[PDB]
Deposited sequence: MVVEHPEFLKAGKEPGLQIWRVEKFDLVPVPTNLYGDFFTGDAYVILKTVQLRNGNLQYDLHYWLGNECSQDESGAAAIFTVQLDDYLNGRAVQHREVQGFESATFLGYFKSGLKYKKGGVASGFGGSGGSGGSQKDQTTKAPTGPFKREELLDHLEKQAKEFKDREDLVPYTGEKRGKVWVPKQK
């Protein structure tokens, strides 16, 4: 720690809505003119920042999961959410938003109504009668007898390759 990512540096600095899309294990801002138009094959992270009368900022973090998003995208959205909350000193309330089941609050961020569209960025992932036990045991042993040891092994010698730490 800390995360030094450029988008973290921008996150929650002033009141407003910020949206990022998970793209190949990164958090990439969504162009503001496309806010509200969600690819159902993707996952997003949304930060709503609100000015409190006490001068502080209030934070709600929503991670939105499209029906067709890949496991790397949904997992990354969840992790980025934790990381952003921690960066914001734990003050953000976290919300999981699933396509078709979003909270009233999330839906309310989008005054023209959020819309879905198919597609998205590609995943970042790169009988025989009574049991005759003696017969079974003989078979198993025959199978075992025929097993040959691997000859290609790097042997473990307990060699230490790194530097031994000494307290000062």
property: Missing C-alpha runs, given along the deposited sequence, first residue counted as 1; result: 127 to 142, 185 to 186
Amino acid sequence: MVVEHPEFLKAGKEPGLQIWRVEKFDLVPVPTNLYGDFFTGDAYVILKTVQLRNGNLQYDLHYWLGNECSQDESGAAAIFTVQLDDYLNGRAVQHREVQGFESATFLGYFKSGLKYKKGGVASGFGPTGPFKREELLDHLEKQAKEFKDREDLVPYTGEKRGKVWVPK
From here on, numbers count along this sequence of modelled residues.
| item | value |
| --- | --- |
| Which of 36 to 44 and 130 to 138 has higher mean CA B factor, as the PDB entry lists it | 130 to 138 |
| Between the two ranges 101 to 109 and 63 to 71, the one averaging a larger CA B factor in the entry | 101 to 109 |
| From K10, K24, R21, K160, residue of greatest CA B-factor | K160 |
